[PDB]
Structure formats: C-alpha cells, structure tokens
Amino acid sequence: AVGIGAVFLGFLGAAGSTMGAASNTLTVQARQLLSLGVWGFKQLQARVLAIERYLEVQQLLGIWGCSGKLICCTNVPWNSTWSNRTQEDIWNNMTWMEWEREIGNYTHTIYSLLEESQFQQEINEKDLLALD
Amino acid sequence: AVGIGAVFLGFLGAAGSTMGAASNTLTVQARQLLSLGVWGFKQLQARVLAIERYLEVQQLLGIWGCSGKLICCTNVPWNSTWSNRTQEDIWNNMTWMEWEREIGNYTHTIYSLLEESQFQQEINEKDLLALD
Amino acid sequence: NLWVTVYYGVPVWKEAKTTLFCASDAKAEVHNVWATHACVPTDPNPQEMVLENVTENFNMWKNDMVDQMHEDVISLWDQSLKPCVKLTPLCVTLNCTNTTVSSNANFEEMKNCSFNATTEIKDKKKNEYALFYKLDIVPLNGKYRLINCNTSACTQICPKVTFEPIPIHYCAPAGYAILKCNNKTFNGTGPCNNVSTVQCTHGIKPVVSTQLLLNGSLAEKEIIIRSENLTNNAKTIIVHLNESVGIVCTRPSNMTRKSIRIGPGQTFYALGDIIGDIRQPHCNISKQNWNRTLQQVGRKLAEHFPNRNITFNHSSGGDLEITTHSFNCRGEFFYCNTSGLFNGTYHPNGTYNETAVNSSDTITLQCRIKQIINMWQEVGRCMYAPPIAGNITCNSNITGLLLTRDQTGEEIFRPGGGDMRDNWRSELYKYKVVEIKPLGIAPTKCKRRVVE
Amino acid sequence: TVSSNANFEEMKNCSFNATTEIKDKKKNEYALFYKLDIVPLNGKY
Ligand SMILES: *[C@@H]1O[C@H](CO)[C@@H](O[C@@H]2O[C@H](CO)[C@@H](O[C@@H]3O[C@H](CO[C@H]4O[C@H](CO[C@H]5O[C@H](CO)[C@@H](O)[C@H](O)[C@@H]5O[C@H]5O[C@H](CO)[C@@H](O)[C@H](O)[C@@H]5O)[C@@H](O)[C@H](O[C@H]5O[C@H](CO)[C@@H](O)[C@H](O)[C@@H]5O)[C@@H]4O)[C@@H](O)[C@H](O[C@H]4O[C@H](CO)[C@@H](O)[C@H](O)[C@@H]4O[C@H]4O[C@H](CO)[C@@H](O)[C@H](O)[C@@H]4O)[C@@H]3O)[C@H](O)[C@H]2NC(C)=O)[C@H](O)[C@H]1NC(C)=O
Ligand SMILES: *[C@@H]1O[C@H](CO)[C@@H](O[C@@H]2O[C@H](CO)[C@@H](O[C@@H]3O[C@H](CO[C@H]4O[C@H](CO)[C@@H](O)[C@H](O)[C@@H]4O)[C@@H](O)[C@H](O[C@H]4O[C@H](CO)[C@@H](O)[C@H](O)[C@@H]4O)[C@@H]3O)[C@H](O)[C@H]2NC(C)=O)[C@H](O)[C@H]1NC(C)=O
Ligand SMILES: *[C@@H]1O[C@H](CO)[C@@H](O[C@@H]2O[C@H](CO)[C@@H](O[C@@H]3O[C@H](CO[C@H]4O[C@H](CO)[C@@H](O)[C@H](O)[C@@H]4O)[C@@H](O)[C@H](O[C@H]4O[C@H](CO)[C@@H](O)[C@H](O)[C@@H]4O)[C@@H]3O)[C@H](O)[C@H]2NC(C)=O)[C@H](O)[C@H]1NC(C)=O
Ligand SMILES: *[C@@H]1O[C@H](CO)[C@@H](O[C@@H]2O[C@H](CO)[C@@H](O)[C@H](O)[C@H]2NC(C)=O)[C@H](O)[C@H]1NC(C)=O
Ligand SMILES: *[C@@H]1O[C@H](CO)[C@@H](O[C@@H]2O[C@H](CO)[C@@H](O)[C@H](O)[C@H]2NC(C)=O)[C@H](O)[C@H]1NC(C)=O
Ligand SMILES: *[C@@H]1O[C@H](CO)[C@@H](O[C@@H]2O[C@H](CO)[C@@H](O)[C@H](O)[C@H]2NC(C)=O)[C@H](O)[C@H]1NC(C)=O
Ligand SMILES: *[C@@H]1O[C@H](CO)[C@@H](O[C@@H]2O[C@H](CO)[C@@H](O)[C@H](O)[C@H]2NC(C)=O)[C@H](O)[C@H]1NC(C)=O
Ligand SMILES: *[C@@H]1O[C@H](CO)[C@@H](O[C@@H]2O[C@H](CO)[C@@H](O)[C@H](O)[C@H]2NC(C)=O)[C@H](O)[C@H]1NC(C)=O
Ligand SMILES: *[C@@H]1O[C@H](CO)[C@@H](O[C@@H]2O[C@H](CO)[C@@H](O)[C@H](O)[C@H]2NC(C)=O)[C@H](O)[C@H]1NC(C)=O
Ligand SMILES: *[C@@H]1O[C@H](CO)[C@@H](O[C@@H]2O[C@H](CO)[C@@H](O)[C@H](O)[C@H]2NC(C)=O)[C@H](O)[C@H]1NC(C)=O
Ligand SMILES: *[C@@H]1O[C@H](CO)[C@@H](O[C@@H]2O[C@H](CO)[C@@H](O)[C@H](O)[C@H]2NC(C)=O)[C@H](O)[C@H]1NC(C)=O
Ligand SMILES: *[C@@H]1O[C@H](CO)[C@@H](O)[C@H](O)[C@H]1NC(C)=O
Ligand SMILES: *[C@@H]1O[C@H](CO)[C@@H](O)[C@H](O)[C@H]1NC(C)=O
Ligand SMILES: *[C@@H]1O[C@H](CO)[C@@H](O)[C@H](O)[C@H]1NC(C)=O
Ligand SMILES: *[C@@H]1O[C@H](CO)[C@@H](O)[C@H](O)[C@H]1NC(C)=O
Ligand SMILES: *[C@@H]1O[C@H](CO)[C@@H](O)[C@H](O)[C@H]1NC(C)=O
Ligand SMILES: *[C@@H]1O[C@H](CO)[C@@H](O)[C@H](O)[C@H]1NC(C)=O
Ligand SMILES: *[C@@H]1O[C@H](CO)[C@@H](O)[C@H](O)[C@H]1NC(C)=O
Ligand SMILES: *[C@@H]1O[C@H](CO)[C@@H](O)[C@H](O)[C@H]1NC(C)=O
Ligand SMILES: *[C@@H]1O[C@H](CO)[C@@H](O)[C@H](O)[C@H]1NC(C)=O
Ligand SMILES: *[C@@H]1O[C@H](CO)[C@@H](O)[C@H](O)[C@H]1NC(C)=O
Ligand SMILES: *[C@@H]1O[C@H](CO)[C@@H](O)[C@H](O)[C@H]1NC(C)=O
Ligand SMILES: *[C@@H]1O[C@H](CO)[C@@H](O)[C@H](O)[C@H]1NC(C)=O
Ligand SMILES: *[C@@H]1O[C@H](CO)[C@@H](O)[C@H](O)[C@H]1NC(C)=O
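Chains as they are written, first to last, in full-length UniProt numbering: chain A, 503 to 537, 559 to 655; chain B, 503 to 537, 559 to 655; chain C, 32 to 59, 63 to 136, 142 to 180, 184 to 448, 453 to 498; chain D, 134 to 136, 142 to 180, 184 to 186.
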C-alpha cells in the first residue's frame, strides 16, 4: 500500500481514526476555514457568519497564548476527575469526536483556568524584566 | 537633498524602486489596510469586503508562524527552478511588481511547503518538551 | 505528571442550524424566475471526501433545509411578480356562450366570453371577446364572472420570465459542512455507516407536483419507502423508485394568442380561437411499466405489512388541487384524472409473470387546463397563466409516489399530496448541515517552558 | 333612529353606493360614521 503524506487528505479526513493519528492532519482543516437581490442578502449573511465563527476561535487562542501556534503546551495540570483513562488508550483507542463528547461538561472550567494561568504568566514575567 | 525617514511616505510609495529599498517601507502599507438606503447597502458591502480581504492574509500568516512578525525567516530552502537570478541583481536591480509577476506560477507550491514545514516544526518541538 | 495542551483544527463537528445560499452553473436579455444568473458558479469538480470508521445518525423529518428553502421559493415567486400587470379591471360581466366551429361533440370545457374592455383612454370602452375554461368562471342568477373576483386581486406572469426547473445547489458558508449518506438501503431515520463530507449538495430541480415526483434522481439499489410513523395512517408516505417510468403529456391544439388591452399601459394575452377540431389533453403511460412497477412496490410493502392484501385505489375526492395530478408543461398548468393508474391490487400469494399483459399498450388519461392558480395551499395569492401558440408536448420520467393509508384483511393505499414540502424531502433525505469545532484539549506530558 | 339617548349627534347613519365584486355593478350600502370623520357639503357628507 502506497503512502499518503497526510497533506493530500480532504477536509474532515481522519475523523474516524485515532486521536494520535488525527493529530498529524491539523493543517488541512485550517485551510478550509474562511474559504440588492434575494441571493445577495443570503450570501452577504453567509460571509459575515464565516468571519464571526473564525474570529471566535482566534480570540480564545490569543488569550491562552497560542496566538499562532497550532500545537501549544500549557502550565495548567490535568485533573483526573475530568478524565480517568490512561494516555495509551486515549491516543490509540478512540476518535476525537468521542473525546469531546466525554469532556463536554468540563469545558467551561478548563477555559477559565487557561485565562487565569496565562494572565499570571504575564505579570510575573513583567516583574522579572524590571530588575535591570 | 534632505532625507525622508520612509515613515512619512504615502500609500503604495516606493513601488517603482528596488526590492531592497522598498523593504524599508512595509509599515506604511499595513496602516492603510482596514482603514436602509441604497448607499448603506453598498457601503455595508464595502466594509465586509475589507474585513474579508484583511483576514485572508492574516490566516495564511498564522499557519506559517509569522502571526505578528512583519519580516520572518523560515527553514524551507529556496529552489533554483523558481528563480535563477543572483541575490545582488534581485534586491538592487528590479521592483517588487516584476518579482511577483515572475514567480506567480510557483506560488501554490511554496505556500503548501510553508504549512508542511511549520507543522513539522511543532510536533518535533512538542516531543522535546516531553522529556522533563 | 500530565499537563494540558490545546489542539487547533481537530476533526470534530456538532449539529447546528445555519443559513444557505444558492449556486448554479453559468447560463446565458434572458430572464429566469430563479435568478440563476445571480447564483454563484459552483465548480467543475467539487471536493468530496468519503469518511471511514464513522457512524452518524440522520433524521430528515427534523431537517431545517426543507423548511429553509420552502420559504425561499415563495419569496422568489413573489419577487418576480411585483413588476407585472394586475388583472383587476377584468372583473366585468361576461356574456359567454358555446363555441362554434366547423372530441368535438364534448365542447363544454371552453366558452367564448365577451366583455367590455377599457381601451388606452379611460372614458371609452369597446367590446372584446376571449376564450376561458369552465373552471375559471362561475355563473350568476345567464352571465358569468371570474372565480377570483370575490377572493383577491389576481396577478399575471410576465411572459418574459421563464420558470423551468433549473437545477440549483444549496451551499453553506465556511466553518460549516454538509454530510451526505451513501447507504443504498437507508430509510428516513437511522445511523449511516458510509457518511461522506461534501462542501454542498448536487443539482436539485424545484418541481411542483402533487401525486407524482417527476424528472428526479433514482434510487440505486431498490425501492425506498420513507415515513416518520408507518403505523400511523395520518402521515404521508414517500416512495422512491429504482426504475423510472416515462410519461408523455401534451395539449394538442394550435390556439392563437391574442393581446387584449384593458387599460392605459396594461395589456394581457388570452386565447384567440381554435384552428381545427376540439381535442382534449391527455397523458400516455405504458401498461407494462406501470403494472410491473406497482408489482415491485407491492411486494416491498408486504414486509412492512405481512400477510396483508394490498390494493391501490383512486383518490377520495373533494378539492381538485390535490385530488388530481397537478404539474407544469411549458407554463401550462395541468390537472390529470388519475383514476385508471391505481386500478389494481397486489396479492402476496400468486403468479405475476409479465408476459401475460400485452405490449405496446398505453394508459390514456383525461387532463384539464386551469389558467387561474392559487399556490401554496393558501388563499392569499393568484397568478394568471398566459396561453402559448401552437401545440405543446412535455416528456419526463416518473421518479416517486406520494401515497396515503387509511379494519382487517385488505390494506388500502391511496394517492395524495398532503403537503407540498414532501416533494423536496425525497431529494434532501441524504443531507445534513453541521458545524465545525476545531478546538481540542487533551492531556499530554509536554509542559510550557518559562524563561527566567 | 332606535327605540344619553337624547344627545345622539355623534354618530350618523350614512348610506352610499359601494362597488360589488364585479366592477360595473354598484349596490347601496349603509354604515355608521362618527361626526369627526365626515364633513358636510353645500345636505350630503
Ligand atoms: C461508500 O460510499 C461511497 C460513495 O458512494 C462509495 O464510493 C463510490 O463507489 C462507487 C462504486 O465503486 C463509485 O461509482 C463509480 O462512479 C463513477 C463516476 O464517479 C465520478 O462521478 C461521481 C459523481 O459525480 C457527481 O456527483 C458528485 C456528488 O458529490 C458531484 O460532486 C460531482 O460533481 C458530480 O456532480 C455532477 O453529476 C451529478 C449526477 O452525476 C449531478 O447531480 C450534479 O449536478 C453534477 O452535474 C463522483 O462522486 C466521483 O468523484 C470521486 O472520484 C473521483 C475520481 O474518479 C475523485 O476525483 C473525487 O474526489 C471522488 O473521490 C467521480 O468524479 C462511474 O463512472 C462508475 O461507473 C462504472 O462502474 C460501475 C460499477 O463498477 C458500472 O456499473 C458502470 O456501468 C461503469 O462501468 C462501466 O463502464 C466502464 C468503462 O468506463 C466499463 O469498463 C465497465 O465494464 C462498465 O461497462 C462507478 O459507478 C463511486 O465513484 C465512488 N465514489 C463516489 C463519491 O460515489 C464506496 O464504494 C462505499 N463503500 C465503502 C466506503 O466501503
Ligand atoms: C422534467 O424534465 C424534463 C426534461 O427536461 C422536461 O422536459 C423538457 O422541458 C423543457 C421545458 O419545458 C423543454 O424545453 C422546451 O423545448 C422546446 C422545444 O425545443 C426543441 O425545439 C426547438 C425548436 O422548436 C429547438 O430549438 C430546441 O433545440 C429543441 O430541439 C422549446 O421551444 C422551449 O423554448 C422555451 O425556452 C426558450 C429559451 O429561450 C424560450 O425562448 C421559449 O419562448 C420557450 O419558453 C423549451 O426550451 C424540453 O423540450 C423538454 N424535453 C426535454 C427532453 O428536455 C419536463 O418538462 C420536466 N417536467 C417538469 C414537470 O418539470
Ligand atoms: C398487473 O396486471 C394484472 C392484470 O393485467 C392485474 O390483475 C388484475 O387485478 C384486478 C383487480 O383485483 C382484477 O379484477 C377483479 O378483481 C376482483 C377483486 O375481488 C374483489 O372485487 C370484486 C368486484 O366484483 C368483488 O366481487 C369481490 O368479492 C372482491 O371484493 C376479483 O374478484 C375479480 O375476479 C373475477 O374476474 C376474474 C378474471 O380474472 C375471474 O377469474 C374470477 O373468477 C372473477 O370472476 C377480478 O379479478 C383482474 O381480474 C386482475 N387481472 C388478471 C389477474 O389477469 C394486477 O392488479 C396488476 N398489478 C397490480 C400491482 O395492480
Ligand atoms: C366568439 O364570439 C365573437 C363575437 O363576440 C366572434 O367574433 C365574430 O365572429 C364572426 C364569425 O367568425 C365574424 O363574422 C364577426 O365579424 C366577429 N365579430 C367580432 C367582433 O369579432 C368570434 O368569431 C367567436 N369565436 C369563436 C371561436 O366562437
Ligand atoms: C357593454 O357596453 C354596451 C354599450 O357600449 C352595453 O350595451 C347596452 O347594454 C344595456 C344592458 O343593460 C342595454 O340596456 C342597452 O340597450 C345596450 N345598448 C346597446 C347599444 O346595445 C352592454 O350591455 C355592455 N355589456 C356587455 C356585456 O356587452
Ligand atoms: C387476500 O387475497 C387472496 C388472493 O389474492 C385471497 O385468497 C382467496 O381467498 C378466498 C377466501 O376469501 C378463497 O376462497 C380463495 O380460494 C383464495 N384464493 C386462492 C387462490 O386460493 C384471500 O382470501 C385474501 N384475504 C386474505 C386475508 O388473505
Ligand atoms: C401464500 O398464501 C398464504 C395465505 O394463506 C399466506 O400466508 C397466510 O396469510 C394469512 C393472512 O390472513 C395468515 O392468516 C396465515 O397465517 C398465513 N399463513 C401462514 C402459514 O402463516 C402466504 O404469505 C402466501 N405466500 C407468500 C409467499 O406470500
Ligand atoms: C405467463 O405469460 C404467458 C405469455 O403469454 C402466458 O401464456 C398465455 O396464457 C393465456 C391464458 O392462459 C393464453 O391465452 C395465451 O395463449 C398464452 N400465451 C403463451 C405465449 O403461452 C401465461 O398465462 C403467463 N402465466 C401465468 C398468467 O401464470
Ligand atoms: C398488443 O395488441 C395489439 C392489438 O392490435 C397487437 O397488434 C398486432 O400486432 C401484430 C404484429 O405486429 C399484427 O400482426 C396484428 O395485425 C396486430 N393486431 C391488430 C392490428 O389488430 C400487438 O401485437 C399486441 N402486442 C404484442 C406484444 O403482441
Ligand atoms: C340605517 O339606514 C338603513 C337604510 O339606509 C337602514 O336599513 C333599513 O332599516 C329598516 C329598519 O331597520 C329596514 O326595514 C330596512 O329593510 C333596512 N334596509 C336596508 C337596505 O338595510 C338601517 O336600519 C339604519 N340603521 C340605523 C341604526 O339607523
Ligand atoms: C346611487 O345609485 C342610485 C341608482 O343606482 C342613484 O339613484 C339615482 O340618483 C340620481 C341622483 O342624481 C337621481 O336623479 C335618480 O333619479 C336616482 N335613481 C333612482 C332609481 O333612484 C343614487 O343617486 C346614487 N347615489 C346615492 C347616494 O344613492
Ligand atoms: C481537581 O479538581 C478538584 C475539584 O475542585 C480539586 O479538589 C482537586 O484538587 C483538583 N486536582 C488537582 C490536581 O488540582
Ligand atoms: C527543486 O524542485 C525540484 C522539482 O521537484 C526537485 O527535484 C529539487 O530537488 C528541488 N531542489 C531542492 C534543493 O530541493
Ligand atoms: C542560471 O544562472 C546561471 C548563473 O547564475 C547561468 O549560468 C545559467 O545559464 C542560468 N540559467 C538559465 C536557464 O539562464
Ligand atoms: C350574449 O350572447 C347572446 C348569444 O345569443 C346574445 O343573444 C345576447 O344578445 C348577448 N348579450 C348582449 C347583452 O348582447
Ligand atoms: C351548449 O351545448 C350544450 C350541449 O347539449 C347545450 O345543452 C347547451 O344548451 C348549449 N348552450 C347554448 C348557449 O346554446
Ligand atoms: C448501509 O446500511 C445498511 C443497514 O442500515 C447495510 O445493510 C448496508 O450494507 C450499508 N451499506 C454499505 C455497507 O455500503
Ligand atoms: C428506519 O430504519 C431504522 C434502522 O434501520 C429502523 O430502526 C426504523 O424502524 C426504520 N423506520 C423508521 C420510520 O425510522
Ligand atoms: C428494483 O428493485 C426491485 C425490488 O424487488 C428489483 O426486483 C429490481 O430488479 C430492481 N431494479 C433495478 C433496475 O435495480
Ligand atoms: C405511531 O403512532 C401510534 C399511535 O398510537 C403509536 O402508538 C406508535 O408508537 C407510533 N410509532 C412511532 C412514532 O414510531
Ligand atoms: C395551427 O395553425 C397555424 C396557423 O394557421 C399553422 O401554422 C399550424 O400548422 C397549425 N397547426 C397544425 C398542427 O397544423
Ligand atoms: C396517446 O394515446 C392515444 C390513445 O389512442 C393516442 O390517440 C395518442 O396519439 C397518443 N399520443 C401520443 C403517443 O403522443
Ligand atoms: C376521474 O375519472 C373517473 C372515471 O374515469 C371518475 O369516476 C372520477 O369521478 C374522476 N374524478 C375527477 C376528480 O375528475
Ligand atoms: C429521463 O428523462 C430524460 C429527459 O426527459 C431522458 O433523456 C431519459 O431517457 C429519461 N430516463 C429514462 C430511464 O428513460
């Protein structure tokens, strides 16, 4: 079987594959984002809708410090209550759709923690630069 | 002849000058980007058009890692097939308009390479931080 | 220890509701009701990816696509009819009588009506004559008047615009996708294990019909039966055929189109006269293609209704809009008496070899023309269909059936267009708009580095 | 006319020719109108 480089895959590809395998196809999804008459109004309403949806994700990324980074590590630790399964069974035994379904309840708590943590990373860094 | 600092130049200035000289006037162009009745619909159509055009460039920049950097180096090497001219004759013997016209055919190939390269720069970096 | 990381662009989607816009190939002053010239060109070869190891549930009965585009059609119809003549002045006394010309005996379907029509100048009035069908005029205590005079002012279709069913594509904005199923034996609701993602749908032809779906796409494997609750007899049943049957319908007559002036700047076209003999419209259907088609659907219904005799009967009656098979042909509205088509029953036990039925045998039908139409099953609008010179002929393929069910033993199925929205449900059954959520958070061993 | 009541000079029984469903024919109709919405002429309103 010949190999595909994963850059040639189509949109929403590798959705049914493992989370670890799907982590190598993040680029293709990002490309498709932001791709007088009755039709003009509906088309115009569509253009603004696409802009609003894209900007919503970027606004969250900027606050978390991953302004342009596709994959970014953070300092907040993971809580066992949110998920109890081991690393081996997460990246190699289920898909991304199931993972988001499982932790959809704790999404609000994690979002606030990233903002609080990253904001703390800025004020203490500023204090370090003032010693010169 | 008194000197101009190149910050006082107007929009689209230094277009007919050399590429190296025009590289010192990138700031002025960036500023101008994102500057019921019949007029309202046309004006409203204009505002969304400006937002869409500005966001298209920024989306490409984020994937390439130059999210906010005006001038950014990359790791992908240049191919002689795309251009065969020496460095001396490129930055000091022609304008930016001619350069883009020359390499307009190979823009698709270069764009994909930047996404593939930068994406690879992220996964290997993540592997390095996991050794702690 | 494990640390939290953020992933951007993961393959995750969530069901959502969003607006859509049209898209169609370039066609070419030519005027169209659907304004396909204003639609966006779609593509030569759109991108379509077949997903694997994925199962997604579908439910076409709660699909907003059918509800959305349903409101689009009425707005499109209303949009194009504003700059057209209004036939309010035509509400005048009609002195109608039998038409005289040298089957022909049964001429009691069109009358030669004469009336006083205002000329270019308001004060003067002159006598004019035109032919009207029996269905559009009602008598008085021996004169006649138009049916719509006491209901609402009824407008006219401008002949410049043509309302043929050009296929169109409904496409969603960026950040949204449309999921397409590919299981050949997929009913209305249930999981789909061969879902494929596409930017948007294929060419969909908006066709207005009551009892039969025309010139549409065919089922691939076998006949598909769809209904929200089969056990409930109050809900319509949609049948999709894997083999289509051709239908030929015509109005054979050369009827001169006469322009009549009814006011300053207002002029409407009517039927001038008949050159030849009086002959009714008719539709021809092959006997074998219908007997066999009703045979194949009969056994399919046996599984859902075991050991029950199945019979197909004509419609009950009442209003003509839904009792008959209403359709369009070159802009002429037909109403075909569909009684001989459903004149047979399926026996679960027996022999049904097709060679018994003779070939080259067709099913002639009786159809009537009604040039005053009220649409959308609501008395709030009208439209006068102008005539066409010469004889017309429209050929199409029957695609699907809209049947209804109504104590023990025989099961009676009857044809009926209960709701107009079911016409497009047979085309959008394998589509579903969905939203993309490219944010993903999972634990990992990598920790963000802090510069000291 | 009907069988305070004495001060009835605020609503008047007005009759007029109203066009029926068909343009040419006209029939007589009657309706009540308030005195503030009708003005007299040189004895019609
Ligand atoms: C899960 O489901 C999967 C999806 O159904 C399924 O994959 C499919 O499998 C079948 C069976 O193997 C394949 O069927 C073949 O299709 C060939 C044509 O394919 C091309 O056209 C397709 C349809 O294109 C229209 O519809 C698209 C809908 O999205 C639009 O995007 C298109 O733009 C196009 O729209 C136009 O046309 C519409 C009507 O057609 C119209 O409404 C619309 O408005 C517009 O006008 C495309 O989907 C397809 O694209 C795929 O493939 C190309 C590469 O080819 C890629 O670039 C795409 O990205 C995409 O991946 C193609 O463009 C048929 O020609 C072919 O017929 C031959 O084979 C059959 C069976 O073998 C024979 O019965 C038939 O007679 C033909 O053989 C005859 O001729 C040959 C000589 O040529 C002869 O030797 C032979 O003996 C015989 O006589 C066949 O039917 C299908 O292509 C697969 N993909 C898709 C997308 O359907 C999968 O198997 C399932 N199972 C799993 C996953 O396990
Ligand atoms: C289900 O789908 C089928 C398949 O298309 C439909 O059948 C077609 O319907 C269309 C629209 O009614 C028919 O198109 C008409 O064809 C007439 C004859 O065309 C032939 O003859 C002329 C010369 O007379 C040739 O030039 C031509 O190339 C053909 O060989 C045309 O006269 C009609 O013209 C109309 O459009 C033009 C556009 O400019 C106008 O200027 C005219 O005034 C007029 O309005 C028209 O184009 C077609 O013939 C039918 N058959 C086929 C095989 O396509 C069914 O009608 C459809 N049913 C439903 C219910 O939707
Ligand atoms: C495919 O094509 C075939 C024939 O081309 C169709 O078969 C025909 O079906 C019709 C409808 O059933 C048959 O017509 C008659 O059906 C009667 C049904 O019985 C009920 O109705 C009668 C009406 O009087 C009542 O008296 C009775 O109590 C029931 O309530 C039968 O009773 C009739 O039978 C009589 O005629 C046959 C002639 O074949 C004699 O043999 C009998 O002894 C009896 O005298 C009659 O059959 C018609 O006969 C069928 N034709 C055949 C079999 O060649 C299929 O319906 C069609 N496919 C589909 C899906 O419709
Ligand atoms: C419909 O009735 C009109 C009269 O209201 C007919 O018009 C007359 O037709 C006769 C015979 O064709 C002519 O001699 C007259 O000169 C016509 N008069 C007018 C004013 O048109 C018309 O022929 C009738 N048409 C049909 C089909 O019966
Ligand atoms: C159309 O107008 C003509 C005259 O322009 C009408 O003819 C008169 O009709 C009335 C009906 O009450 C008769 O009493 C007159 O004797 C007619 N006059 C003439 C000269 O014939 C006619 O009634 C109008 N309506 C129709 C339907 O023709
Ligand atoms: C269903 O239809 C079948 C035939 O299509 C009926 O079978 C006949 O039933 C009668 C009694 O009602 C018998 O006298 C005949 O002999 C049967 N036919 C044959 C060929 O044997 C059947 O009765 C109908 N009803 C049910 C409930 O099946
Ligand atoms: C053959 O005919 C028989 C008719 O007796 C069908 O089966 C019977 O259907 C009646 C319907 O009223 C039931 O009451 C009987 O219980 C059925 N018989 C049995 C044994 O269950 C039978 O379906 C027909 N064959 C086919 C292939 O349709
Ligand atoms: C199967 O089809 C054949 C095709 O004709 C039928 O045979 C005919 O049967 C009728 C009535 O018995 C005869 O009058 C014809 O002469 C027969 N023709 C031929 C060519 O045999 C046969 O009846 C059908 N099978 C059934 C109905 O069970
Ligand atoms: C269906 O019935 C017709 C009845 O007319 C059959 O027509 C016959 O066709 C044959 C062969 O073409 C001629 O020899 C006969 O003269 C025709 N009959 C006439 C004119 O009455 C037709 O053949 C039948 N269908 C089939 C398949 O046989
Ligand atoms: C208003 O005036 C109309 C007449 O223009 C009255 O209508 C008549 O009323 C009398 C007595 O009620 C009846 O006998 C007649 O048959 C009526 N004729 C018509 C044409 O309606 C009406 O009653 C008056 N109403 C009031 C409140 O004064
Ligand atoms: C309403 O119409 C009637 C007739 O349909 C009019 O009655 C005529 O009015 C004129 C007024 O100039 C008199 O000269 C006639 O003698 C009347 N004819 C009859 C038969 O009564 C009436 O004037 C119109 N207007 C109103 C307010 O009723
Ligand atoms: C996980 O959350 C619970 C609930 O607030 C908290 O008690 C616990 O300390 C958290 N775990 C870590 C490692 O912080
Ligand atoms: C330039 O592109 C050609 C064409 O693919 C390739 O063969 C060559 O290796 C490239 N040059 C470099 C330095 O990679
Ligand atoms: C490319 O440049 C080299 C020297 O810079 C020169 O020798 C060669 O001829 C050039 N190629 C072409 C096709 O002109
Ligand atoms: C209406 O037509 C009949 C036809 O015989 C004719 O006798 C009659 O005079 C016509 N009506 C009028 C008002 O002329
Ligand atoms: C029209 O023809 C029918 C046919 O019987 C007849 O009953 C009717 O009286 C005729 N009408 C006129 C006005 O002659
Ligand atoms: C689609 O699903 C049906 C059952 O719902 C199954 O029988 C059929 O094989 C499936 N189609 C495939 C696997 O192509
Ligand atoms: C449709 O198919 C599903 C799964 O095959 C089944 O559960 C359901 O009963 C069928 N009928 C309806 C009306 O959903
Ligand atoms: C259509 O489906 C019926 C179901 O019984 C089958 O008998 C017939 O062969 C099918 N025809 C085609 C062309 O698929
Ligand atoms: C269909 O309607 C009947 C009405 O009583 C009900 O009993 C049955 O559960 C329904 N089935 C469905 C919704 O699948
Ligand atoms: C109908 O009449 C017109 C005009 O006389 C003629 O050209 C046409 O051929 C006629 N129709 C037929 C079928 O002959
Ligand atoms: C339709 O069938 C009837 C049956 O007699 C025939 O007279 C007519 O010519 C047919 N029309 C066609 C084949 O267009
Ligand atoms: C349709 O025709 C049949 C006979 O062919 C007749 O009994 C029935 O009343 C007709 N129905 C309508 C609505 O015309
Ligand atoms: C479907 O209709 C088209 C145009 O009316 C025709 O070309 C095609 O042959 C029809 N399909 C079949 C199976 O006859």
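For each residue, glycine too, the CB sits at the ideal point set by N, CA and C.
Can you tell me whether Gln419(C) is buried or exposed, with buried defined as 16 or more other CB within 10 angstroms of its CB? exposed
Just to confirm, does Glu456(C) get its C-beta within under 8 Å of one of the non-hydrogen atoms of ligand 6? yes
How many whole angstroms separate the CB atoms of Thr278(C) and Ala431(C), which I take to be in contact at a CB cut-off of 8 Å? Going by Cβ atoms, the distance from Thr278(C) to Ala431(C) rounds to 39 Å, so no, they are not a contact pair.
Could you tell me whether any non-hydrogen atom of ligand 4 is closer than 8 Å to the CB of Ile316(C)? yes
Using CA coordinates, which residue listed in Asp468(C), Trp111(C) and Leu188(C) is at the minimum distance from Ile199(C)? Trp111(C)
8 Å contact criterion, which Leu443(C) and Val281(C) should meet: CB distance rounded: 4 Å
Cross-chain neighbours of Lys483(C) in chain A, by beta carbon under 8 Å: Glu623
Less than 8 Å between the CB of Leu362(C) and some heavy atom of ligand 23, yes or no? yes
Have a look at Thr618(B) and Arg608(B) and give me their C-alpha separation to the nearest angstrom. 14 Å
What are the residues in the region 485-496 of chain C lying within 9 Å of chain B by C-beta distance? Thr490, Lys491, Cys492, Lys493, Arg494 and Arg495
Touch check for the region 376-383 of chain C and the region 300-316 of chain C: three-plus C-beta pairs under 8 Å? no
Inter-residue spacing [alpha-carbon to alpha-carbon] between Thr630(A) and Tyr38(C): 14 Å
Top-ranked residue by Cα proximity to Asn66(C), from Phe205(C), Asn87(C), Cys191(C) and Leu445(C): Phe205(C)
Hey, could you find the ends of the alpha helix (DSSP H) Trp622(A) is sitting in? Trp619 to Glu625
Residues of chain C with CB under 9 Å from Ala653(B), in chain order? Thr490, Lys491, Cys492 and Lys493
Taking 8 Å as the cut-off, is the CB of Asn129(C) close to at least one heavy atom of ligand 16? no
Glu159(D) versus chain C: which residues are under 8 Å apart at the beta carbon? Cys125, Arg187, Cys191 and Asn192
Would you grab the beta carbon distance between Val287(C) and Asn93(C) for me? Rounded to a whole angstrom, and I think it's under 8 Å. So it is not a contact: roughly 30 Å between Cβ atoms.
Would you mind working out which of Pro42(C), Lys48(C) and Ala144(C) sits nearest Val479(C), comparing C-alpha positions? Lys48(C)
Pop quiz: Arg570(A) and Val571(B) are said to be a contact at Cβ under 8 Å. What is the actual Cβ separation, rounded to whole angstroms? 6 Å
How long is the line joining the alpha carbons of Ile594(A) and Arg624(A), rounded to whole angstroms? 21 Å
Stretch-stretch touch, CB-based, cutoff 8 Å, three pairs: the region 457-464 of chain C with the region 640-650 of chain B: no
Of all the options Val203(C), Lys164(C), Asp101(C) and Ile320(C), which has the alpha carbon lying nearest to the alpha carbon of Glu148(C)? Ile320(C)
Taking the alpha helix (DSSP H) that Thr335(C) falls in, what are its first and last residues? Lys329 to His346
For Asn145(C), verify whether its CB is less than 8 Å away from any heavy atom of ligand 24. no
Of all Cβ atoms in chain D, is any one closer than 9 Å to the Cβ of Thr122(C)? yes
According to DSSP, is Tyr577(B) part of a helix, a strand, or is it coil? helix
Is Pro323(C) closer than 9 Å to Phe376(C) when the C-beta atoms are compared? yes
By DSSP's criteria, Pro80(C) is part of a beta bridge. Which residues make up the other side? BP columns for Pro80(C) are empty, so no partner.
Name the chain C residues whose beta carbon is nearer than 7 Å to that of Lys649(B)? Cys492
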